[PDB]
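Survey of secondary and tertiary structure
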Amino acid sequence: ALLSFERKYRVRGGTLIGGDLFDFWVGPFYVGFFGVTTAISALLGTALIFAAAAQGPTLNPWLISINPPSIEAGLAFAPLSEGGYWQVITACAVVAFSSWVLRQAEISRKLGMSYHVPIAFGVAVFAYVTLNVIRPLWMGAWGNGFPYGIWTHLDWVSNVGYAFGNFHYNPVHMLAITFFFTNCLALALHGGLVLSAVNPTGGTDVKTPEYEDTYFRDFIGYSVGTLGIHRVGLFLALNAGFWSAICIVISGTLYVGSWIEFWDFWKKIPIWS
Amino acid sequence: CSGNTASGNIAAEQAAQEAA
Amino acid sequence: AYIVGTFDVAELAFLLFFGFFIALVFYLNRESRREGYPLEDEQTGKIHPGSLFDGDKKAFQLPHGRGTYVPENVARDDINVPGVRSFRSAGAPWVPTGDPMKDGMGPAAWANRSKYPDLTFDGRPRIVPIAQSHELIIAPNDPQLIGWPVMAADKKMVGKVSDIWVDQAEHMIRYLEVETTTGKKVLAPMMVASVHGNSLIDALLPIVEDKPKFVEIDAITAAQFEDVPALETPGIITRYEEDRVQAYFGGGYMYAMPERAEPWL
Amino acid sequence: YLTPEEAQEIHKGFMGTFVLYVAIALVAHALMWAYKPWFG
Amino acid sequence: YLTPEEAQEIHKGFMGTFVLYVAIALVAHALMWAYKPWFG
Amino acid sequence: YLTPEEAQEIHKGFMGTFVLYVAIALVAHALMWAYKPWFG
Amino acid sequence: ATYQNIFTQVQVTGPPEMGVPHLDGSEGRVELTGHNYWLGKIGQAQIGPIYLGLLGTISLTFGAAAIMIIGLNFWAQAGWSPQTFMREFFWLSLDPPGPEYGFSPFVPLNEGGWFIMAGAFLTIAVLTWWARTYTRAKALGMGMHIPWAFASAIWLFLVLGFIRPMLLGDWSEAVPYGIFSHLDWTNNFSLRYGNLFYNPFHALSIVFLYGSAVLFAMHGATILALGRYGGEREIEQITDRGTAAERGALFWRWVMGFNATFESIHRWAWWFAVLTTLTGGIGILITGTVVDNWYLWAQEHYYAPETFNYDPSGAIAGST
Amino acid sequence: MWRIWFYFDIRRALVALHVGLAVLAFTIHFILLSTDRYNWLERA
Amino acid sequence: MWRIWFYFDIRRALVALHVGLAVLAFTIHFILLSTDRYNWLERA
Amino acid sequence: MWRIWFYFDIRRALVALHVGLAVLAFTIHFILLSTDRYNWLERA
Amino acid sequence: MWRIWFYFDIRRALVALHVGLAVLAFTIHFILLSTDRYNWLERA
Amino acid sequence: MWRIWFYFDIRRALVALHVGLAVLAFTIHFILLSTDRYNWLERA
Amino acid sequence: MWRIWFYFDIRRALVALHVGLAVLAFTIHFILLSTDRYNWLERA
Amino acid sequence: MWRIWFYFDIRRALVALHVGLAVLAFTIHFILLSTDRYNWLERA
Amino acid sequence: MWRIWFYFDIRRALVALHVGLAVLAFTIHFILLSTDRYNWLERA
Amino acid sequence: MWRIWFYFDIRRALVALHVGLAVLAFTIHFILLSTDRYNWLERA
Ligand code: BCL
Ligand code: BCL
Ligand code: BCL
Ligand code: BCL
Ligand SMILES: CC[C@H]1c2cc3[nH]c4c(c3C)C(=O)[C@H](C(=O)OC)c4c3nc(cc4[nH]c(cc(n2)[C@@H]1C)c(C(C)=O)c4C)[C@@H](C)[C@@H]3CCC(=O)OC/C=C(/C)CCC[C@H](C)CCC[C@H](C)CCCC(C)C
Ligand SMILES: COC1=C(OC)C(=O)C(C/C=C(\C)CC/C=C(\C)CC/C=C(/C)CC/C=C(/C)CC/C=C(/C)CC/C=C(\C)CC/C=C(\C)CCC=C(C)C)=C(C)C1=O
Ligand SMILES: COC(C)(C)C/C=C/C(C)=C/C=C/C(C=O)=C/C=C/C(C)=C/C=C/C=C(C)/C=C/C=C(C)/C=C/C1=C(C)C[C@@H](O)CC1(C)C
Ligand SMILES: COC(C)(C)C/C=C/C(C)=C/C=C/C(C=O)=C/C=C/C(C)=C/C=C/C=C(C)/C=C/C=C(C)/C=C/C1=C(C)C[C@@H](O)CC1(C)C
Ligand SMILES: COC(C)(C)C/C=C/C(C)=C/C=C/C(C=O)=C/C=C/C(C)=C/C=C/C=C(C)/C=C/C=C(C)/C=C/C1=C(C)C[C@@H](O)CC1(C)C
Ligand SMILES: COC(C)(C)CCC/C(C)=C/C=C/C(C)=C/C=C/C(C)=C/C=C\C=C(C)\C=C\C=C(C)\C=C\C=C(/C)CCCC(C)(C)OC
Ligand SMILES: [Fe+3]
């Protein structure tokens with residue numbers, strides 16, 4: 001009951017698992033059963049990250065890298081110093097993200113809201129699971145996963161991308177990039193329009209939604225509306241995440257080779273060649 | 001995770017595949 | 001490329017942006033503190049002092065001659081809520097003493113909104129029955145919805161649809177008027193109403209189907225429809241009344257039946 | 001301010017501090033010129 | 001504030017602490033100059 | 001606080017804690033200087 | 001059974017709304033209006049009307065000129081063959097002048113003159129479009145947030161096309177007009193300058209693009225989940241706090257311990273979106289002009305990994 | 001005939017005409033600068 | 001002691017405890033499978 | 001003891017139990033398939 | 001000393017304490033498993 | 001026949017016609033300038 | 001001095017202090033484990 | 001001249017002036033630092 | 001002097017001061033640890 | 001010069017001034033540390 005209106009909303013119920021067992025708050029944070037699971041998994045994952053780092057060549061936070069086992073090890077559980085730490089941290093991260101989704105669902109139920117936020121975050125959880133669980137399983141080795149390091153997973157991204165020639169020629173990658181760019185443009189437009197509506201110039205009063213409609217019809221000839229903009233932004237962000245997961249999952253499992261050669265299909269269409 | 005050990009997988013890749 | 005020693009232009013730009021971003025985060029927190037602050041104690045309700053980095057209060061120049069808003073001056077909620085803590089701790093939930101839907105607790109809670117209706121840019125009431133709108137009609141290929149049966153959360157037929165309320169600014173249906181068995185007319189949010197018999201896939205499907213065309217409201221039961229908050233003036237709904245109706249229907253997803261508040265197990 | 005006399009008072013303060021600031025800057029620039037001139 | 005008297009008191013306190021701060025900085029700069037001059 | 005009495009009490013406590021903190025830091029810095037000086 | 005606020009079930013149709021009157025001297029809206037039923041499923045079905053002042057006319061004419069120049073150069077590159085045009089469209093490109101020309105404004109038309117002309121006309125069109133968004137905001141008494149957000153993207157665009165080539169004195173550093181060609185330019189730009197991953201401003205721009213995706217996902221999901229309480233009517237919630245604003249704040253306060261307001265969230269979104277292109281333009285401008293090898297620069301600042309930190313040979317071998 | 005001005009506002013027509021003239025003139029001057037024969041700034 | 005049931009409900013505690021026991025048992029079994037000494041499937 | 005069914009819904013309990021049993025059985029079968037000793041499909 | 005229970009409720013305190021104890025115990029056991037000296041499973 | 005102006009508004013028709021004619025003339029001049037036989041600016 | 005409790009709530013102060021102490025202690029132990037001089041698990 | 005105070009608020013003008021002066025001074029100092037002739041920290 | 005407490009809340013001022021002091025102390029300690037001259041953990 | 005306190009809140013002015021002084025002094029100390037001439041930690 002910190003916020004001036006918070007107290008009346010802090011009621012029992014809305015939990016999926018646990019009921020009244022963990023139905024309480026700790027400061028601003030609601031816990032629930034999935035909050036307990038999130039706390040355990042996330043704290044264990046962080047502690048194991050730092051335990052594996054202490055066994056590594058450096059404690060520099062830039063250069064800390066918890067690496068997966070070698071490809072020759074296949075899909076077996078490796079020794080902790082030889083990639084097992086990475087596997088345990090991956091399991092902890094999966095559990096933590098799933099528990100975060102379920103805690104968001106419980107909090108949505110407590111406030112009389114639908115499950116839009118848990119589903120939206122579950123899209124990103126699916127992207128991560130595709131990156132570090134599904135793709136290594138399909139490829140046959142845990143060594144295909146990206147390392148747990150701030151700058152070494154960028155090295156993983158670079159090397160995996162260049163293993164296919166130029167990763168820019170992946171068409172699902174093109175679609176995901178288009179969704180990302182359109183999302184950022186849409187977010188700029190939506191934030192700017194709302195702020196300009198509530199922060200007028202020239203000493204005028206706060207505007208109505210008719211003013212936003214008029215502004216975007218004078219600008220580009222069309223206005224999507226107040227509900228439509230949030231629908232479109234959610235669609236764009238979720239599509240960006242989902243198509244990122246799809247684009248990475250098919251490279252190395254379904255498509256092997258240079259993505260540049262794929263576009264030789266276009267030149268062979270009998271309509272123009 | 002599979003039912004094998006990492007050492008067994010590495011030995012199989014080296015000897016049974018990369019050595020013969 | 002070095003400015004002095006190992007300092008270079010790129011490093012200087014990065015450090016400048018890092019400082020700017022810290023300042024921007026502080027500014028964004030200041031902006032986020034404008035509603036609901038200062039904080040208060042969970043039990044005693046004692047108000048916390050206030051941030052050292054806060055500035056001046058924000059004043060909104062309202063249209064239609066409604067004055068200034070000043071969100072920092074919004075009256076704090078009453079400390080005495082119609083509930084009792086499940087256990088005596090700062091983090092325990094409140095169990096409502098009576099009817100949460102009537103008293104406004106948890107998902108059924110409402111805010112003290114303005115007691116006058118929202119207006120269009122020219123001063124007309126924004127949310128009005130579709131007859132009072134300015135030549136606004138339902139899409140001819142869309143469901144008419146007038147006279148359709150209404151299903152409640154307990155699968156009972158509470159009544160029928162007698163009127164449609166539309167937003168004159170956004171050109172959207174906001175409320176459906178439902179006449180119940182007892183004859184009382186109540187407003188139900190369109191966002192809690194599922195329209196059946198108008199599926200896009202079913203239209204695409206090459207079938208001849210006599211699906212029942214009705215409106216389902218699974219938020220509240222048929223009896224609860226008799227306790228929907230009423231309007232002070234016909235044909236007009238205020239912001240406070242809108243909040244009342246929306247809170248009453250939204251709280252039903254937890255409070256319509258006891259099982260809705262229980263874990264799956 | 002609206003009243004002119006307040007405008008004269010604000011102007012007096014502003015010009016006094018501006019002259020002091022410019023004098024400090026001029027002393028610094030003269031010292032730099034004596035140290036390492038940028039014209040020649 | 002509004003009353004000129006408490007404004008003068010505030011200015012007194014601010015000037016005192018500013019003078020102390022500047023004196024400390026001046027001592028530090030004199031020590032650094034005696035150690036490693038930067039103009040020469 | 002609002003009253004001068006509570007303000008003076010707060011200042012007294014703050015000054016005592018600050019003096020103790022500075023004394024501890026001075027002892028630590030003197031030990032570090034006797035160990036590995038950073039000037040010379 | 002439960003409405004999820006994804007598609008509009010029943011649409012409301014009426015006479016087209018021509019907009020609030022302008023507060024300045026405007027010529028008058030071109031009353032070309034339409035209605036799209038399928039756009040009304042997601043948002044608003046009304047198309048139009050449009051405003052075409054001096055700025056809109058200039059922008060449309062100069063952008064048409066630039067696009068015509070690029071397309072006619074594509075047709076010439078295809079040998080005027082429609083089939084070759086279709087076959088090689090992705091590979092057609094209007095390329096910048098070669099390094100032997102420096103940053104000279106005088107290049108033969110087929111060697112880069114058309115490229116310079118198209119760049120000039122495109123820049124004129126983009127700048128007049130920015131001026132048009134500024135004047136459209138001014139005509140309604142609204143704020144200038146959208147003009148500044150557009151100015152950030154224009155800053156990145158101008159750094160890519162004109163400012164950086166001007167500073168390096170090399171037209172050949174500019175981005176070619178082509179689908180696959182500008183991707184090739186991106187890849188080559190990363191390759192010649194070490195590795196753009198280690199540009200700290202490229203990393204910052206990635207941070208802000210990712211965060212904008214995150215922010216839009218969270219904000220759209222929150223607003224749609226708050227449709228039961230009028231969450232999408234954000235202007236009224238900002239100027240008169242309802243239960244939707246309270247629930248939206250409390251959800252994120254209970255999730256992560258802190259929350260924004262209905263206005264503050266849009267400031268967060270605006271700043272993330274703007275900072276993406278701001279940091280991107282800053283990072284591109286300093287590449288080559290200030291730093292020529294970003295991996296070396298990262299090595300000097302102790303954040304460049306080696307093989308003893310992580311060896312990517314296995315990941316490469318798996319992907320072959 | 002003057003009757004053309006019964007269907008087109010003179011202000012809009014003049015604005016569009018002068019915008020088109022500006023694009024045409026800039027294009028022609030740029031093309032002339034692109035050729036060594038007509039470039040009047042590179043050499044004496 | 002039995003008084004622990006005055007602050008925690010048996011129905012929810014049983015579910016939470018069994019979930020934790022399941023995860024712990026799976027972790028221990030997988031750890032055993034990763035060692036050549038105790039792996040019971042790869043070799044005879 | 002049938003007391004359990006007074007506090008746990010039989011339908012939810014059965015669904016959860018069968019989901020868990022399915023996941024466990026699939027995991028064990030896949031683990032057995034992964035090993036050369038117990039794989040029953042690759043070799044005669 | 002008992003007055004600590006005047007400021008912290010037993011339920012949340014016990015939940016947090018056991019979460020922390022679980023995290024710490026798993027961390028220490030994993031760290032011991034990662035070292036050759038204290039690995040009790042790999043060798044006889 | 002003049003009756004074509006009963007079905008077509010001449011403001012829109014004239015605007016579209018003048019835009020299309022400008023595009024067509026620019027395209028033809030560009031094609032001619034692209035050929036060595038008809039280029040009139042490269043050489044004397 | 002005891003008067004510090006008139007401005008700071010003991011419950012919030014103790015929880016903030018112990019979270020900080022935990023993080024600092026874990027940081028120090030992890031730093032010591034990294035160095036071979038102070039590592040107490042790798043060798044006898 | 002004093003009439004300038006009838007057109008610009010003193011607080012806003014002073015704040016903007018000092019922000020601009022700070023930015024200009026920092027820019028000039030950094031530019032001087034980058035030059036070899038005027039760097040005062042590299043060498044004696 | 002004491003009058004500073006007529007304008008600053010002691011709780012907020014103390015919290016901000018201690019946050020800044022913590023950041024400063026950890027920064028200085030890490031800087032000293034990163035130098036071979038003042039590192040007190042690697043060598044004997 | 002006391003009249004400035006009629007235009008600026010003392011708490012906000014003091015907080016902003018102290019933040020600016022902290023940032024500037026950290027910048028100067030960091031710049032000095034980055035020069036071999038003035039570095040006081042790396043070497044004796
Ligand atoms: C040399 C490099 C290659 C390249 C090779 C690759 C490869 C390989 C990959 C991509 C992928 C991507 N590339 Mg690419 N890519 C290139 C050039 C580009 C360019 C450009 C302008 O040139 C752009 C815009 C992109 C953009 C993209 C995106 C489409 C995508 C990354 C987004 C994503 O995955 O979100 C999805 C979001 C997630 C995966 C994150 C999920 C978040 C989790 C669930 C939550 C984390 C919680 C955290 C621990 C909490 C801690 C916080 C606090 C501590 C509490 N690439 C070049 C050609 N690219 C990746 C992709 O599409 O796969 C997914 C992919 O794998
Ligand atoms: C091999 C590829 C390289 C790489 C090389 C580059 C290069 C080069 C650049 C980036 C840039 C970026 N990279 Mg990269 N990048 C890599 C891998 C990645 C990965 C990953 C693997 O996951 C990601 C997420 C990214 C992400 C990003 C973005 C954050 C950033 C550009 C975003 C943007 O604002 O949109 C793009 C937005 C614009 C371009 C603004 C456009 C606005 C204008 C006004 C629009 C005009 C349109 C016009 C009117 C339409 C008509 C035109 C006519 C038809 C002609 N890169 C690797 C390392 N990347 C850019 C940057 O700024 O970073 C420093 C950049 O220049
Ligand atoms: C070797 C070829 C010869 C040549 C052979 C011919 C032949 C044959 C013909 C012309 C005709 C024309 N020639 Mg010639 N012409 C040559 C070189 C030139 C040069 C030059 C820079 O050297 C110019 C300016 C012109 C100009 C012209 C026009 C006056 C006329 C085409 C206009 C038209 O059809 O209306 C169409 C346009 C409109 C009705 C509206 C346009 C008005 C606007 C305001 C003007 C801007 C136009 C511009 C293209 C806009 C660019 C923006 C676009 C979006 C791309 N010629 C060379 C020297 N020329 C034609 C003619 O005499 O009359 C038809 C014709 O038959
Ligand atoms: C070479 C180093 C020596 C060593 C030298 C020292 C020295 C010197 C000292 C200690 C001290 C401590 N050592 Mg020792 N110590 C060593 C190895 C160990 C090992 C081990 C590897 O198994 C353990 C478990 C410990 C344990 C401890 C603690 C009992 C004690 C810190 C008390 C404390 O307040 O914790 C902090 C934790 C809390 C306050 C929270 C309570 C913890 C509960 C269980 C919750 C855990 C939290 C969870 C794991 C994650 C949450 C993190 C945040 C809250 C978000 N040492 C090695 C052998 N050790 C210190 C001491 O005696 O202080 C009194 C001390 O001065
Ligand atoms: C539409 C897809 C996009 C998306 C959606 C989005 N993100 C979201 C949400 C949504 C809708 C949330 O509701 C959720 C949230 O609650 O934010 C406040 C969240 C979130 N997005 C987050 C991060 C994030 N999202 C990312 C991506 C995306 N988010 C997308 C592009 C990225 C990228 C691109 O990498 C980041 C880093 C967090 C801020 C938050 C998730 C909070 C969470 O998962 O809580 C668990 C608690 C923890 C303490 C984390 C677990 C700790 C681990 C066990 C240890 C670390 C393991 C990790 C694998 C180490 C590896 C790191 C290295 C790569 C450096
Ligand atoms: C309009 O409505 C909206 C708002 O306000 C009304 C919003 O605020 C928002 C939210 C948005 C913002 C406030 C803007 C800022 C957000 C950004 C940049 C994106 C998120 C990124 C971040 C880095 C933020 C921080 C993210 C986190 C995951 C931090 C989480 C931290 C912690 C400590 C979580 C702890 C909680 C748990 C583990 C669960 C509970 C368990 C416990 C308490 C443990 C108990 C046991 C012990 C031992 C203590 C939205 C989206 C919105 O739409
Ligand atoms: C580049 O960076 C490096 C390399 C590090 C170099 C540069 C470093 C730089 C620039 C550093 C600059 C540092 C700096 C620049 O000012 C530091 C200032 C520190 C100061 C002012 C510290 C002051 C501490 C005061 C303390 C701890 C006071 C505590 C008081 C308390 C707790 C009192 C409590 C109370 C009591 C008992 C009784 C109650 O009745 C009243 C109440 C009051 C509640
Ligand atoms: C490129 O960059 C490098 C390389 C660094 C080169 C360039 C550097 C440049 C350009 C630097 C420029 C710097 C600069 C350019 O102006 C600095 C100005 C500093 C100033 C003006 C400092 C002033 C300090 C004043 C202080 C500390 C006052 C404190 C007062 C206090 C705390 C008073 C409290 C009070 C008291 C007791 C009693 C109460 O009753 C009233 C109250 C009042 C509450
Ligand atoms: C760079 O980093 C490295 C490498 C690590 C180097 C640097 C390290 C640095 C800078 C470290 C700095 C550390 C630091 C800098 O101050 C630490 C300070 C620690 C302090 C002040 C610890 C204090 C602990 C106090 C405790 C545990 C008190 C507990 C009291 C309790 C539980 C009392 C309960 C109670 C009881 C019984 C009865 C009830 O009636 C009343 C009530 C009260 C409820
Ligand atoms: C159907 O056929 C027709 C011909 C009718 C239509 C054809 C239409 C087609 C097919 C068009 C296709 C276009 C395509 C595919 C374009 C793709 C472009 C891409 C992907 C571009 C990407 C990036 C481009 C950038 C960043 C460009 C920036 C350029 C700038 C900023 C240039 C500035 C130049 C200036 C300021 C001019 C200076 C002039 C000077 C120096 C002389 O004086 C100041
Ligand atoms: Fe919004």
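Residues numbered from 1 in each chain as written, not as in the entry; some residues may be left out. Chains lettered and ligands numbered in written order. Part of a larger assembly, values for the part shown. Heavy atoms only, no water. Residues with missing side-chain atoms left out of burial classes, pairs and counts.

Some details on the overall build of chain H
Rules: Helix and strand definitions follow DSSP, with helices as H or I runs of at least four residues and strands as E runs of at least two, each counted in order from the N terminus. When a residue's accessible area, from a 1.4 Å probe over protein chains only, is under 20% of the maximum for its type it is buried; when over 50% it is exposed; and in between it is partly exposed.
Across its full length, chain H holds one helix and zero strands. For chain H, the C-alpha atoms occupy an extent of roughly 50 × 15 × 15 Å along the three principal directions. Counting the 44 residues in chain H, one finds 18% classified as buried.

Details of the overall build of chain C
Put simply, the test is: Based on C-alpha atoms, the radius of gyration is set beside the globule rule, defined as 2.2 Å times the residue count to the power 0.38. Whether two residues are in contact is decided by their heavy atoms, any of which lying within 4.5 Å being enough.
For chain C, the helix and strand inventory stands at five helices and 14 strands. Relative to the 2.2 N^0.38 estimate, which gives 18 Å for 265 residues, the radius of gyration of chain C is 25 Å and therefore markedly larger than a compact globule would have. Within chain C, contacts between residues separated by at least 24 positions form 53% of all contacts whose residues are at least 6 apart in sequence.

Topic: the site of ligand 9
Test applied: It suffices for a single heavy atom of a residue to lie within 4 Å of a molecule or strand for the residue to be listed as near it. The accessible surface values rely on the Shrake-Rupley method and a 1.4 Å probe; as for residues, cover is taken only from the protein chains in view. Residues are sorted three ways: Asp, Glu, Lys and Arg are charged, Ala, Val, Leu, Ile, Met, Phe, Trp, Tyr, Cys and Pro are nonpolar, and all the rest, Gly among them, are polar.
By nearness alone, 15 residues border ligand 9, and K:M1, K:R3, M:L24, O:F26 and O:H29 come closest of all. Contact with the protein chains covers 54% of the free accessible surface of ligand 9, which is 1,100 Å². Broken down by secondary-structure element, the contributors of at least two residues to the shell around ligand 9 are α1 (10-34) of chain M together with α1 (10-34) of chain O. Among the elements that take part in the shell around ligand 9, α1(M) stands out by supplying eight residues, more than any other. In terms of residue class, the shell around ligand 9 is made up of twelve nonpolar, two polar and one charged.

Side note on the interface of chain J and chain B
How we decide: For salt bridges, the criterion is a side-chain nitrogen of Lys or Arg within 4 Å of an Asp or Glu carboxyl oxygen. As used in this structure description, the phrase polar contact means that two N or O atoms lie within 3.5 Å; if the pair is within protein, one of them must be able to donate a hydrogen and the other to accept it, and residues adjacent in sequence are counted only when both atoms belong to side chains.
The interface of chain J with chain B comprises four residues on the first partner and four residues on the second. Run the count over chain J and chain B and you get zero salt bridges. Put simply, chain J and chain B have two residue pairs in polar contact between them.

With respect to the UniProt feature "domain: Photosynthetic reaction centre H subunit N-terminal" (unreviewed entry) in chain C
Going by this rule: UniProt positions are given in the numbering used here, feature names are shortened, and annotations may be inferred rather than shown by experiment.
According to UniProt, the feature "domain: Photosynthetic reaction centre H subunit N-terminal" (unreviewed entry) maps to residues 3-130 of chain C in the numbering used here. The span residues 3-130 of chain C is 22% helix and 13% strand, and its two end C-alpha atoms sit 70 Å from each other.

Comments concerning the site of ligand 2
Around ligand 2, a shell composed of 26 residues is seen, among which G:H202, G:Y210, G:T277, G:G280 and G:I284 lie nearest. At the site occupied by ligand 2, the surrounding residues belong to chains A and G. Contact distances for ligand 2 include 3.3 Å between an oxygen atom and a backbone N or O atom of G:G280. Elements supplying a minimum of two residues to the shell around ligand 2: α4 (152-162) of chain A together with α5 (145-168), α6 (179-192), α7 (200-225) and α10 (264-286) of chain G. Looking at side-chain class alone, the shell around ligand 2 contains 18 nonpolar, eight polar and no charged residues.

Overview of the interface of chain G and chain A
Our working rule: Accessible area that two parts lose when put together, evaluated with a 1.4 Å probe and summed over both, is termed the buried area.
The partner chain A presents 112 residues to the 113 residues of chain G that form the contact. Summing the contributions of chain G and of chain A, the shared interface buries around 10,000 Å²; its carbon and sulfur component is 68%. The residue G:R253 makes a salt bridge to A:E6 at a minimum N-O spacing of 3.9 Å. Linking chain G with chain A are 49 residue pairs in polar contact. Top element by residues in the side of chain G that touches chain A is α7(G). It accounts for 16 residues. Taken together, the residues of the side of chain G that touches chain A break down into 62 nonpolar, 33 polar and 18 charged.

A few points about the packing of helix α3 (residues 116-139) of chain A against α7(G)
Put simply, the test is: Every axis corresponds to a line fitted to the C-alpha atoms, with the helix fit spanning only the stretch in contact, and the corresponding angles, defined between N-to-C directions, vary from 0 to 180 degrees. By definition in this entry, angles of less than 35 degrees are roughly parallel, angles greater than 145 are roughly antiparallel, angles of 65 to 115 are roughly perpendicular, and the rest are oblique. Left-handed describes a crossing whose near helix is turned anticlockwise from the far helix through less than a right angle; right-handed describes the clockwise counterpart.
Relative to each other, α3(A) and α7(G) sit at 155 degrees, their axes nearing to 8 Å. Comparing their axes, α7(G) and α3(A) come out roughly antiparallel. You can see that α3(A) and α7(G) cross each other, and the crossing is right-handed. Only G:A217, G:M218, G:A221, G:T222, G:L224 and G:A225 of α7(G) make contact with α3(A), whose side of the interface consists of A:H116, A:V117 and A:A120. Residues belonging to the contact of α3(A) with α7(G) are distributed by class as follows: seven nonpolar, two polar and no charged.

So, the packing of aromatic side chains
Selection criterion: Classification of ring pairs rests on two measures: the distance between centres of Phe, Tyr or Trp rings, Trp counted by its six-membered ring, which must be within 6.5 Å, and the angle between planes, read as stacked under 30 degrees, edge-to-face over 60 and tilted in between.
With the rule as written, the count across this model stands at 98 aromatic pairs over all chains. For the ring pair A:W151 and G:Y198, a centre distance of 5.6 Å and an interplane angle of 15 degrees mean the geometry is stacked. Residue A:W151 is located in the loop between β4 (148-149) and α4, and its partner G:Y198 is located in the loop between α6 and α7; the two belong to separate chains. The residues A:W151 and G:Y198 share a single accessibility class, namely buried.

What to know about the arrangement of the chains
Here the protein chains form 35 pairs of chains in contact, of which the pair with the most contacts is chains A and G. Between chain F and chain K there is no contact; the minimum C-alpha to C-alpha separation amounts to 26 Å. Without any contact between them, chain E and chain L keep their closest C-alpha atoms 62 Å apart.

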